[PDB]
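> I need the structure of the sequence given here:
(4 chains, ligands or ions: 20)
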Amino acid sequence: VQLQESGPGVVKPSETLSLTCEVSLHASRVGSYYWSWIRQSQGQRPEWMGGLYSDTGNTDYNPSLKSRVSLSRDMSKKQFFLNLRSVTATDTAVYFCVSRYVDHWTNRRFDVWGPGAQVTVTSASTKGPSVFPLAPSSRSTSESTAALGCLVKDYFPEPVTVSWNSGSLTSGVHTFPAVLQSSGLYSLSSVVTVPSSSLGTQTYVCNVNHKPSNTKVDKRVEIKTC
Amino acid sequence: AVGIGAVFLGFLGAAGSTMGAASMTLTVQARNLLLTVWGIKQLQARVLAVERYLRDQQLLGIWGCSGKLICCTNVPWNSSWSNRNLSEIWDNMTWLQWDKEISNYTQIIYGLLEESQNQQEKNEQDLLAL
Amino acid sequence: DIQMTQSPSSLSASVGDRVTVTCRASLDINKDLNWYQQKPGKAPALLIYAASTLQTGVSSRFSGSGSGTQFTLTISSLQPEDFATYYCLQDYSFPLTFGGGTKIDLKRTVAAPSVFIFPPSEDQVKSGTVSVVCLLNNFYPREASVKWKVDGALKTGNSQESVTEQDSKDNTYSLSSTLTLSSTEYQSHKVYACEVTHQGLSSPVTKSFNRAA
Amino acid sequence: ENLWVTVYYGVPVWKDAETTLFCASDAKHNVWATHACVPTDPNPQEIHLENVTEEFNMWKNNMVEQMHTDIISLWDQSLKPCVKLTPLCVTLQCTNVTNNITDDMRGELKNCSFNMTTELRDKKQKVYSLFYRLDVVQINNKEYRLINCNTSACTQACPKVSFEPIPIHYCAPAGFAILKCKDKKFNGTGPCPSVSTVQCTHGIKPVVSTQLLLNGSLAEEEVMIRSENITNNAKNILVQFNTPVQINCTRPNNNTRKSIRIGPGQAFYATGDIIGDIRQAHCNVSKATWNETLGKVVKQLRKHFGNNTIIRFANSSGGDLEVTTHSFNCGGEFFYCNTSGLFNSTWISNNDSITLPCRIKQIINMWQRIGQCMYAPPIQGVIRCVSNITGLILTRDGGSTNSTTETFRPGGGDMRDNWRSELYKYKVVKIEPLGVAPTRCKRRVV
Ligand SMILES: *[C@@H]1O[C@H](CO)[C@@H](O[C@@H]2O[C@H](CO)[C@@H](O[C@@H]3O[C@H](CO[C@H]4O[C@H](CO)[C@@H](O)[C@H](O)[C@@H]4O)[C@@H](O)[C@H](O[C@H]4O[C@H](CO)[C@@H](O)[C@H](O)[C@@H]4O)[C@@H]3O)[C@H](O)[C@H]2NC(C)=O)[C@H](O)[C@H]1NC(C)=O
Ligand SMILES: *[C@@H]1O[C@H](CO)[C@@H](O[C@@H]2O[C@H](CO)[C@@H](O[C@@H]3O[C@H](CO)[C@@H](O)[C@H](O)[C@@H]3O)[C@H](O)[C@H]2NC(C)=O)[C@H](O)[C@H]1NC(C)=O
Ligand SMILES: *[C@@H]1O[C@H](CO)[C@@H](O[C@@H]2O[C@H](CO)[C@@H](O)[C@H](O)[C@H]2NC(C)=O)[C@H](O)[C@H]1NC(C)=O
Ligand SMILES: *[C@@H]1O[C@H](CO)[C@@H](O[C@@H]2O[C@H](CO)[C@@H](O)[C@H](O)[C@H]2NC(C)=O)[C@H](O)[C@H]1NC(C)=O
Ligand SMILES: *[C@@H]1O[C@H](CO)[C@@H](O[C@@H]2O[C@H](CO)[C@@H](O)[C@H](O)[C@H]2NC(C)=O)[C@H](O)[C@H]1NC(C)=O
Ligand SMILES: *[C@@H]1O[C@H](CO)[C@@H](O[C@@H]2O[C@H](CO)[C@@H](O)[C@H](O)[C@H]2NC(C)=O)[C@H](O)[C@H]1NC(C)=O
Ligand SMILES: *[C@@H]1O[C@H](CO)[C@@H](O)[C@H](O)[C@H]1NC(C)=O
Ligand SMILES: *[C@@H]1O[C@H](CO)[C@@H](O)[C@H](O)[C@H]1NC(C)=O
Ligand SMILES: *[C@@H]1O[C@H](CO)[C@@H](O)[C@H](O)[C@H]1NC(C)=O
Ligand SMILES: *[C@@H]1O[C@H](CO)[C@@H](O)[C@H](O)[C@H]1NC(C)=O
Ligand SMILES: *[C@@H]1O[C@H](CO)[C@@H](O)[C@H](O)[C@H]1NC(C)=O
Ligand SMILES: *[C@@H]1O[C@H](CO)[C@@H](O)[C@H](O)[C@H]1NC(C)=O
Ligand SMILES: *[C@@H]1O[C@H](CO)[C@@H](O)[C@H](O)[C@H]1NC(C)=O
Ligand SMILES: *[C@@H]1O[C@H](CO)[C@@H](O)[C@H](O)[C@H]1NC(C)=O
Ligand SMILES: *[C@@H]1O[C@H](CO)[C@@H](O)[C@H](O)[C@H]1NC(C)=O
Ligand SMILES: *[C@@H]1O[C@H](CO)[C@@H](O)[C@H](O)[C@H]1NC(C)=O
Ligand SMILES: *[C@@H]1O[C@H](CO)[C@@H](O)[C@H](O)[C@H]1NC(C)=O
Ligand SMILES: *[C@@H]1O[C@H](CO)[C@@H](O)[C@H](O)[C@H]1NC(C)=O
Ligand SMILES: *[C@@H]1O[C@H](CO)[C@@H](O)[C@H](O)[C@H]1NC(C)=O
Ligand SMILES: *[C@@H]1O[C@H](CO)[C@@H](O)[C@H](O)[C@H]1NC(C)=O
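Residues are numbered from 1 along each chain as shown, chains lettered A, B, ... in the order given. Ligands and ions are numbered 1, 2, ... in the order given. Here you go, the structure:
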């Protein structure tokens, strides 16, 4: 028994979002299942929108989102749909379709969870990434180690790869995951900690690669000379 | 425990299982047991099904099983019909193979069951006369 | 609605440790609670149902206890594959709510965070939007407190946090706080700072910078 | 220590028995009076049974005979309210049609004029129509009569209904179960390792064919040969193949249907003047797909015999037109195509479309029943038919000298074989809820 979600991964704001979950019923089993939808944001606890039965179809919705959520099902093609009208920026999360049913023949709960589909609500489209150099301050040269990096802003969609010195430099390189901004575009940062003695003698160049738009950006990072 | 779904074994799904495993799937089969030429043929089929169920219910009614699915009987099981161990006839044999094994002794068992129940009712009547 | 309580959020534990996770409820739940384990990029999996029965296909090391409004998950011998997020979900009545989460990681020595601040460049200012980045590196435990101060006053809002996964070489962490503001809001102020407080820091680290210098 | 017999109720026991299967449909005038069937279940349950090896067998189930009887009853019930076309058997003065006729289609049509009755009994009218050569015979400008004049008269197909073969589901009443074989490599007769209990049959298309099975169910993964006895020479062979081949049949004659009042409320639909060009009706099949299908059939049939023998395909042996040519229905018109162009190849060990001419017959007697014919009325416009071949009915020739050069010819008189390639998976059994398994209980004695 397995479950799978389907639908548009990227959707525009203010319209109705529709998701479809395919069910794989257990062989030689008759009765009733309980299908439910649970979304989980990035770095946030999961949230359950609603649930429904397979034989009666009694839909139960969350009071915080009962005015926008709508769960429907059909036995003709054995599928259940999820509708969410007037999507906002907070709706960007990973959706999961679950089926709860206790088999009386084996006395097991059978708590199966689907892999989930990432749904992003934004108004932006495919475009090139913006790179900004995060150079260390001039007053931080007294310390033994200094951190420098490159910031990726105003880019969509995933993914982007950031490398240092054409991939040869890998010690201390930390690439933070992308976080959706308020403007509807992703952004991240790549940093690296190097000793202060290497400043002014080694050329540090960060390379950003963007597969959906096929953009190659190369930027040199150096301290601000005063 | 508010979104718990209950599913049971399907119709005739315990055919290939053992005797003990199929012994708990009797209720599903019991509940699932029930322009003029088309109407008369479908009516005759439904009447025949009802008559067959009535005959089976009467067969269990003449014995000491008026309604209960599982019931015992004081008459013993002779080894002439099937001399097999209980540890393997209930865990290593299905209902199809077991029914095909002693299909020649069903009438004898039914006759002895009906006469045993008749003499049991007579003995109970004589016991209540005290 | 029903609020779900759970403690703690993040804690340190070694291999084979005897660790418990507490979870409380706002009302009476009795015994209709389940424990779930979720890994990064994977769906949650059921571990203990009805607060006392072990789910099939799960190791016997996990256990549950408690009743009414108190619930506690117990591990007998911690294993490296158990390092994931744990949630407690109620099922007594609608709506269905989860806990705050509990992240378990490998215990190691306490290391002070290397806090750095990146001022915005001229091109970023001319682009219309600026983003001040405060970075932390090589710190343990997972919990830390980072706050933003503008002109010497503590401020909230318009701040995002990006945290990477645990390093498999030195078992350290990397933290990045981004303060995204507009050009007018950035030019309206002059002093910007990020203050970080950690267990390995005896004094609050404050990184400040000025627009003029 | 002793055992005691205990009777059980509702145990899974099966017995081979014959029952009456009732039809069902989606219930969407209708065709073939589908309103007599109860509505089908939108969610049919499928129960896969494990650890079971129930025996399956064709040519013996009563489901094919029940389907045949049901089709006969539905056909009679559909043709009963139609008008009886009995009084047109008169002297038909016929002439040949030479209005831009071709060389191959020459002599097939005949313009016949005759006196037909009208609404008023005391008056008659001189009308003219067009009849095919297969529907008229000469009596010794000439006089001809219909082929069914010396045979029992019959009705005509009412234009309110059509011959569309809508799917039908055969469901069993209470106390019976239907088991299907889910094995992809299922043999013609033998045990099936994957048995599944189903509420009733899937969408079954009641197609009518005599040489090539069309619009049926495709195979699971490869070609399959089915027969009651492969070594028997008189036994028919049913071959089913997974990738279907498309056939495009056309009737370029743009004939016009004419209504003739032959009494009170009785309208005879005859063929009027054919406007435009005239050409023989024919079917087209792809050469590459047919060659690939023939090669797959030959490869699958070579395992049943020696690998060194060769096999040759020949045309029909002979007999009546019902079995010597491929007869089917498209848009209400009956087609009789000469399939000699398809079975004209040999197989030795180790721009591209085949066309075959077809004839149209109005006096059709389906179900091989002497008498009780059916007059097919003409259909206005060009008839275009598209279909998929899902199987063939082959027959091995006699003799078999030294088990070499096996010649296969198409055939099949009975229509039961047409459904034997569809109801082979399905079977009906009677459930026995009685069991006498013993245990150690004794019951509370009084
Ligand atoms: C095997 O399967 C194939 C399917 O591929 C069948 O082919 C179908 O044959 C039927 C007739 O036997 C065709 O139906 C006819 O279609 C004509 C064209 O109409 C088109 O447009 C309408 C409106 O959108 C559609 O409904 C229709 O399906 C077509 O797409 C119609 O003019 C015909 O009308 C006749 O019937 C109506 C009643 O329905 C009367 O009112 C009319 O007066 C007229 O008599 C008719 O509907 C069908 O189009 C074919 N399918 C395809 C895909 O072409 C084979 O028949 C089937 N069997 C065999 C033996 O091969
Ligand atoms: C229940 O009754 C049936 C019917 O009487 C029994 O079936 C019969 O079984 C015998 C063998 O037990 C069959 O005899 C066979 O004869 C052939 C030809 O001589 C021989 O080659 C075989 O070796 C075998 O001896 C017999 O054909 C068969 N059928 C009939 C109609 O008699 C069945 O065995 C009985 N079961 C029990 C458990 O008593
Ligand atoms: C079909 O048979 C298999 C094999 O016995 C059953 O699967 C389980 O197999 C293990 C093997 O050790 C046994 O211990 C179990 O007792 C079996 N299960 C049961 C319920 O008996 C399988 O269940 C059977 N399935 C059917 C439909 O009969
Ligand atoms: C239709 O009826 C007419 C009228 O009876 C038939 O015409 C007669 O034909 C016979 C035989 O040739 C002649 O002896 C009569 O003199 C004809 N009568 C008239 C009034 O013409 C005619 O043969 C019938 N059949 C057809 C096909 O028209
Ligand atoms: C299938 O048909 C063949 C025909 O060849 C049958 O073979 C016969 O086998 C018997 C065996 O005793 C011989 O005496 C006959 O001479 C064979 N027939 C011929 C024509 O030679 C075979 O028995 C059939 N299989 C069945 C009916 O199951
Ligand atoms: C079949 O023959 C009849 C005559 O028996 C034809 O009917 C007349 O044919 C002429 C010349 O073709 C037309 O001018 C008339 O209008 C037709 N009708 C009548 C009532 O006289 C008929 O056309 C012939 N049909 C074919 C297909 O050749
Ligand atoms: C209430 O019903 C659910 C099924 O929907 C069941 O699982 C649960 O145990 C029931 N509660 C009690 C107290 O019986
Ligand atoms: C039946 O049980 C006896 C002991 O009571 C044992 O000796 C014998 O082997 C068993 N037979 C089978 C077939 O299990
Ligand atoms: C008319 O057609 C028939 C065949 O149906 C043929 O035998 C006859 O010779 C033809 N007559 C003429 C004049 O073409
Ligand atoms: C009817 O006539 C045709 C043509 O002469 C002939 O073949 C057929 O045998 C006849 N049928 C009867 C029953 O006389
Ligand atoms: C099918 O069954 C017949 C008769 O039992 C047998 O001769 C033949 O070999 C079988 N074929 C396959 C593929 O099992
Ligand atoms: C057949 O004739 C009718 C008469 O109006 C015409 O409308 C139609 O287009 C013709 N069809 C063909 C295929 O010639
Ligand atoms: C069949 O093929 C012939 C080949 O010349 C072509 O003329 C005819 O139009 C085709 N008919 C159809 C219905 O494709
Ligand atoms: C039959 O007609 C269809 C119409 O789309 C065409 O695609 C197909 O190739 C044709 N097949 C043959 C054998 O002519
Ligand atoms: C089928 O294709 C093969 C390819 O070599 C060819 O030899 C054979 O003659 C073809 N058969 C027909 C009937 O086209
Ligand atoms: C015929 O060829 C097939 C496929 O190689 C093989 O399995 C079979 O054993 C062969 N039979 C004979 C009689 O050589
Ligand atoms: C078709 O079969 C008939 C016998 O029914 C035969 O006379 C004729 O020669 C055959 N045609 C071909 C091309 O083989
Ligand atoms: C099919 O057409 C060929 C053309 O030569 C002919 O010889 C054959 O007899 C026809 N088939 C039948 C069954 O008449
Ligand atoms: C069958 O093939 C032979 C090969 O020469 C040819 O002469 C004959 O005309 C063909 N018959 C048909 C009906 O295609
Ligand atoms: C014929 O086959 C094609 C391809 O699978 C399919 O799309 C079409 O529906 C089929 N038509 C019929 C009548 O089965």
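> Helices of chain B, start to end?
If DSSP state H is used as the criterion, the helices of chain B fall at B:19-22, B:26-32, B:37-61, B:86-89, B:95-101, B:106-128.
> Any idea which of those helices gets closest to ligand 3?
In terms of C-beta to the nearest ligand atom, the element of these nearest to ligand 3 is helix B:19-22, at 5.0 Å. From N, CA and C alone the C-beta is placed, and that goes for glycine too.
> got the buried residues for the closest one?
B:19, B:22 (16 or more other C-beta atoms under 10 Å in any protein chain shown).
> coming back round to it: nearest to residue C:27, out of the helices of chain B?
Comparison of the helices of chain B against residue C:27 by C-beta to C-beta identifies helix B:26-32 as nearest, at 37.7 Å.
> How about that closest one and ligand 3, touching?
No - interface with ligand 3: helix B:26-32 contributes nothing (C-beta under 6 Å from any ligand atom), its closest point being 13.8 Å away.
> Near ligand 12, which residues of chain C are found?
Nowhere does chain C come near ligand 12, counting by C-beta under 6 Å from any ligand atom.
> How about the residues of chain C by ligand 14?
Neighbours of ligand 14 within chain C, by C-beta under 6 Å from any ligand atom: none found.
> where exactly do the helices run in chain C?
So, for chain C - with DSSP H - the helices run C:122-126, C:183-188.
> Which one, of those helices, ends up nearest to residue A:41?
Using C-beta to C-beta, the helices of chain C put helix C:183-188 closest to residue A:41, at 26.4 Å.
> tell me which parts of chain D are close to ligand 19?
So far as C-beta under 6 Å from any ligand atom goes, chain D lies against ligand 19 at D:340, D:341, D:344.
> need the helices of chain C in TSV with mean neighbour count, can you?
Conversion of these to TSV gives the following (neighbours: other C-beta atoms under 10 Å in any protein chain shown):
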stretch	mean neighbour count
helix C:122-126	13
helix C:183-188	13
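> among these, which is nearest residue A:87?
Nearest of these to residue A:87, taken as C-beta to C-beta: helix C:183-188 at 28.0 Å.
> re earlier: can you add distance to residue A:88 and give the helices of chain C back as CSV?
As requested, the helices of chain C are exported to CSV (distance: least, C-beta to C-beta, whole Å):
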stretch, distance to residue A:88
helix C:122-126, 28
helix C:183-188, 23
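> Which one of these lies nearest to residue D:169?
helix C:122-126 (69.5 Å).
> Show me the contact partners of the closest one.
With C-beta atoms under 8 Å, 6 or more residues apart in numbering or on different chains as the test, helix C:122-126 has contacts from A:132, A:151, A:153, C:130, C:131, C:183, C:186, C:187.
> which bits of chain D sit near ligand 13?
D:248, D:250, D:284, D:353, D:355.
> Give the buried subset of those as a PyMOL selection command.
Remark: buried members of the residues of chain D next to ligand 13, expressed as a PyMOL selection using 16+ other C-beta under 10 Å:
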select buried, chain D and resi 250
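> what two of the residues of chain D next to ligand 13 are the furthest from one another?
Among the residues of chain D next to ligand 13, the pair separated by the greatest distance (C-beta to C-beta) is D:250 and D:353, at 12.3 Å.
> overlap in contacts of those two?
Listed contacts common to residue D:250 and residue D:353 are residue D:284; contacts here mean C-beta under 8 Å, 6+ apart.
> Point me to the residue of the stretch 51-200 of chain D nearest ligand 20.
For the stretch 51-200 of chain D, C-beta to the nearest ligand atom, closest residue to ligand 20: residue D:165, 10.4 Å.
> ok so, going back, going by distance to ligand 1, which of the contacts of helix C:122-126 wins?
Of these, the one sitting nearest to ligand 1 (C-beta to the nearest ligand atom) turns out to be residue A:153, at 54.2 Å.
> Next, work out how far apart the closest one and residue C:59 are.
As for residue A:153, its distance to residue C:59 is 44 Å (criterion: C-beta to C-beta, to the nearest Å).
> Look at the two and report which has more neighbours.
Counted by other C-beta atoms under 10 Å in any protein chain shown, residue A:153 and residue C:59 do not tie: residue A:153 has more neighbours, with 22 against 13.
> For chain C, what is the nearest residue in chain B?
Going by C-beta to the nearest C-beta, chain C is nearest to residue B:1 of chain B, at 5.0 Å.
> Give me the buried positions along stretch A:38-47.
Quick answer for stretch A:38-47 (16+ other C-beta under 10 Å): A:38, A:39, A:40, A:45, A:46, A:47.
> out of these, which one sits closest to ligand 10?
Closest to ligand 10, out of all of the buried residues of stretch A:38-47 and judged by C-beta to the nearest ligand atom, is residue A:38, at 77.7 Å.
> so where does that closest one fall, helix or strand?
strand A:34-40 (DSSP states H and E).
> Residues in contact with that strand: which ones?
A:19, A:21, A:23, A:46-54, A:69, A:71, A:73, A:80, A:82, A:91, A:93-101, A:116, A:119, B:3-5, C:96.
> Closest one of the residues of chain D next to ligand 13 to residue A:201?
Nearest to residue A:201 among the residues of chain D next to ligand 13, with distances taken as C-beta to C-beta, is residue D:353, at 77.9 Å.
> Pretty sure the closest one sits against residue D:288.
No - taking contacts as C-beta atoms under 8 Å, residue D:353 lies outside contact range of residue D:288: 9.4 Å.
> Nearest to ligand 18 within chain B, name that residue for me.
Closest approach of chain B to ligand 18 (C-beta to the nearest ligand atom) occurs at residue B:37, with a separation of 38.6 Å.
> ugh, wrong one, I meant the stretch 151-300 of chain D
Nearest residue of the stretch 151-300 of chain D to ligand 18 (C-beta to the nearest ligand atom) works out as residue D:211 at 10.3 Å.
> From residue D:422, how far out is that residue?
Residue D:211 sits 17 Å away from residue D:422, taking C-beta to C-beta as the criterion.
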